[PDB]
């Protein structure tokens, strides 16, 4: 959840400002932009994430099934191309940092989502409206 | 303070600090004072030489300061404050930004910092590109450092004289009334 | 040549004044080269500056009076008399033809190339000046071995200083250095009188005025060559 | 830091490693080798990008037609702003340009068997792809000292070039970013492939 | 073969070895320095030979030196007057230029084929092979006279007198290359060779044969 939401917060803040050039159905408000955008885009995204989850958790989709092997660690899906984990001195720092930033990002994404629900405007537009003249 | 350069024969071969400002200064504070003194000397020497060359009817740069905005070096004014005001704001911005990048590079790139056990007011980044004082003897180099400090202090006095002559109508005796 | 050798030469040149060197140029390392290399470069530069000024002082003196050649340059017909009537010697120069200027300049470049060539200097019997060689040397244009021979060399065309003694020749190189310094000051005085009027008090009203840039070898008439019209317009 | 023996320490940062945030201390020597390889790739691509950007702005272009089917020519592509040229290129042309670049990348990862991340990697080294780097043997005349100097020059020029290409591509869209007032060419700062 | 500095000293003692690009120490196609040096030397010799040949041809044919043969039966299009030599080549019919290029292609093909191994692979640069014995080529019932010394005026000279000729060939070829490029630059760009001749203002890309 922390990884998903710390992708999601950056996506949320940067979708207000930047667009894919000529992408159909853009709206700075991502809530409205979900409906505005083509359904096939979101369908393909969900399909790709389903493939990723299935292949990464093959035969390990359940509490009893997963973590049967002792070497399996929580969150260690083997994703480390740059091999930061080979340096064991910084592994504790990076693990704690992942955990804390994921937690802050879950909270932050909830904040952005519900603030856009409240205001109807995108994140930094609402932030400016808060920090505007009386 | 008694071991630093800058003292000359013109003050009894002795230090000039009437108001005790060096007595409340540690090694780091004295290094900061020397760095500030030298940088002020450098800036004031360049400033006073430029002001004298411009306002003394000296040669000006050939063409257009801004070919698009339409400002010739001759039309700038040949008067210090007026010329600086007439310089485009973009030109002033990029001059100050280049100087700021140089200052940050100076602070971050001269190791043993002048406030952590380094020579005060030396810039290996900007000095003698070609060859000039990379082969001089350690006594003539000290003599020329003393000369630098002396005529730099004189340049401080001169540039603030020009500023006072500009603002106060006729404050300097032997300077014009339209500085 | 060490600074001791420079001092000895200065003493031989001017016994009263002696070695004057307020500049650091003899102390710096030019292009990251050594002390000997720097001193050789400065000494050869002094000698060449001298020699060129000595030659050009006589040229200015003779052409300003008018001793122009009786023959004619370009076949269509603009005699050396017409180039002389163009004005004073700088006016005569910048009124010369483009190809005449280029031929003079590129022959001088050829001579400079042969002067700095290792083979020609070695054949004449001396090394390059920045690499432990006698400054002021110009090699023979005979021993270099052009495919078609050359009758006479540049220095010693007919061997007037042939034989002699090397002590004598060094004593006359002292004369060369002093005369070259004086000639450089003299020609710069002439050209200053030509451009800035009243700049040389003795020669005020005696040297013809001039407006072109003496440091511009080509003129507006030579704008056909690339990047010259704009440079004439961009002259300071 | 781990980036001490690595070449790249310059004259403008003293002669010490410039790692204010300590990323070189993060991760493994394999991670630092990846960082060095990415630095040199961004360097090289930025030099190429700035040269191509200057070519596009100058308008110098190849003589001929990009595609005889669509009829688009180098001149018609040159009429647009530098970033719009990529949009103007034919789709199959972009596809095969990216195919060539991908093949080069794949061979760089594959045929250079002592890998940059692996031990004895030589992260900047892409020679080994025979006749890819320096086909004319221009670097053969040099020695180790001049080769090290030229590698440092590569690194400096490339860092400056990536700053420069970012600057020119962001100047017009973000006015007042680069202070020099000149008509930087219009168009997006970022473009998608195809 | 000849070492680079030795060859340069023999060619011009004043210049000696000169290679700012460092192509003598290059590795073209990853074939090795010896092979690539042989390639460079043979390329220099070929360029020089072609330049001498083309320079004598240029001076000959620019003064309207048309062969006595009528050539084309309707009309020799390039023998017409008011024609710079590049325009004569352009005015030649396409079949003529095509046949010329196939002939030069046969010559180049046989030059590459007949070698000790190759000029790259430890062979003398610039050595055109003896044409084959007799009948070992399609047709060729009699023989093909060698492109070098068809009448065999090559045993006349001695080994050192051939080395001298080789060095003179290289230097003359460099001069001829510069001369032809001077001629063409003067034709296309007037006054580019101010100290050279004044040729007609021919305006056509010489690098387009057809």
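All chains are identified by letter, namely A, B, C, D and E, in their written order; residue positions are counted from 1 within each chain.
Note that contacts are C-beta pairs under 8 Å (C-beta built on N, C-alpha and C of every residue); 3 or more make two chains touch, one makes a residue touch a chain.
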**Report entry** Shortest walk length in steps over touching chains, chain A through to chain C
**Finding:** 3
Report task. Taking the mean of all protein CA atoms as the centre, name the chain whose own CA mean is closest to it. Result -> D
**Report entry** Centroid distance [mean C-alpha coordinates] between chain E and chain B, Å
**Finding:** 67
Report task. Go ahead and note the Å separation of the Cα centroids belonging to chain C and chain E. Result -> 44
Requested in this report: Express in whole angstrom the distance between the two chain centres, defined as the mean CA positions of chain C and chain D.
Outcome: 49
Query - Distance between chain centroids, defined by C-alpha means - chain B, chain C (Å) - result: 40
Query - Every chain pair in contact, whichever chains are involved - result: A-D, B-C, B-D, C-E, D-E
Query - In the complex, chain D residues that touch chain A - result: 25-28, 30-31, 34, 117, 188, 190-192
Requested in this report: Flag every residue of chain A that touches chain D in the complex, lowest number first.
Outcome: 18, 20-21, 82-87, 90, 94
Requested in this report: Over in the complex, which chain B residues touch chain C? Could you list them?
Outcome: 59, 62-63, 130-136
Query - Contact footprint of chain E on chain C as seen in their complex - result: 98-99, 102-103, 114, 117-120, 144-145, 224
Report task. Using the touch rule from the top, collect the residues of chain E that touch chain D in their complex. Result -> 19, 21-23, 25-30, 33, 36
